[PDB]
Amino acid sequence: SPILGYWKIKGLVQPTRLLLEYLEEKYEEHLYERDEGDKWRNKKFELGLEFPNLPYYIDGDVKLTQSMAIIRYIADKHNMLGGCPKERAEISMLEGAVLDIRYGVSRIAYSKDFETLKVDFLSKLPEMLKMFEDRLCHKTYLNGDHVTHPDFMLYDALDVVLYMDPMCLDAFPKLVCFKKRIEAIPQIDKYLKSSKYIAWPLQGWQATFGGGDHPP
């Protein structure tokens, strides 16, 4: 079974977990806890990784790091990255537009100045969300009628910004519908209700936003 290694947090790997659960792929999750930073440091250069980091993905055929390389590899092995340069580029464009939101959060979540930085991020967020709302006015999922890895990336981003402001999706009914649609996929619904789901933290435990042992 492939091994997925990461901290016991959502962070960079949550979209990858959602994709694996949608595919019903068996995988072995190797998780590092809040106080296991030393265990990681003693294993980091002992795994055969060319660019040692978390997350990592090991399946015998490959030893990968970089969260986007890993999610794309899993999608690629299941023939989901797109059928021609045009479709593959549309999927990569969706990826990058989601990362603008998700890194917008992570960039400020460890700052002691978070409560002021959050205000600026939430003022810029609507312009980004509007582009996805428009994209979803004619399509069921981000790439049309079938699920692609960016849909799970967007789901993760929406989950995270709703912790920052539970009202930030009120002006975007298509995004509220999209989020409920992902949750209604049978594999996802079972996963999210199960003990396998990691609901918290969103970032590292030391983060000012999305850290700690429990949601506030």
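Counting begins at 1, following the sequence as shown. By rigid core we mean the largest C-alpha set that fits within 1.5 Å across both forms.
Novice: Is 188 to 196 or 20 to 28 the stretch whose C-alphas end up farther from this model in 9 other deposited structures of this protein after a rigid core fit?
Specialist: Of 188 to 196 and 20 to 28, the stretch deviating more in 9 other deposited structures of this protein is 188 to 196.
Novice: 134 to 142 versus 68 to 76: which one's CA atoms end up farther from this form in 9 other deposited structures of this protein after a core fit?
Specialist: More C-alpha displacement in 9 other deposited structures of this protein shows up in 134 to 142.
Novice: Test of understanding: from the entry's C-alpha B-factors, which stretch has the higher mean, 71 to 79 or 107 to 115?
Specialist: Higher mean C-alpha B-factor: 107 to 115.
Novice: Out of 47 to 55 and 153 to 161, which one has CA B-factors that are higher on average in the deposited record?
Specialist: Higher of the two, by average CA B-factor, is 47 to 55.
Novice: Just grab whichever of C137, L129, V98, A89 has the top CA B-factor as deposited.
Specialist: When the deposited C-alpha B-factors of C137, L129, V98, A89 are compared, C137 is largest.
Novice: Among all modelled residues of this chain, ranked by Cα B factor, put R102 in the bottom, middle or top third, i.e. lowest, middle or highest.
Specialist: Bottom third by C-alpha B-factor.
Novice: Can you work out whether the C-alpha temperature factor of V176 puts it in the lowest, middle or highest third of the chain?
Specialist: Middle third of the chain for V176's C-alpha B-factor.
Novice: What third of the chain does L122 rank in for C-alpha temperature factor, lowest, middle or highest?
Specialist: Middle third - that is where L122 ends up once the chain's C-alpha B-factors are sorted.
Novice: Divide the modelled residues of the chain into thirds by Cα B-factor and specify which third, lowest, middle or highest, holds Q206.
Specialist: Answer is highest: the recorded C-alpha B-factor places it there.
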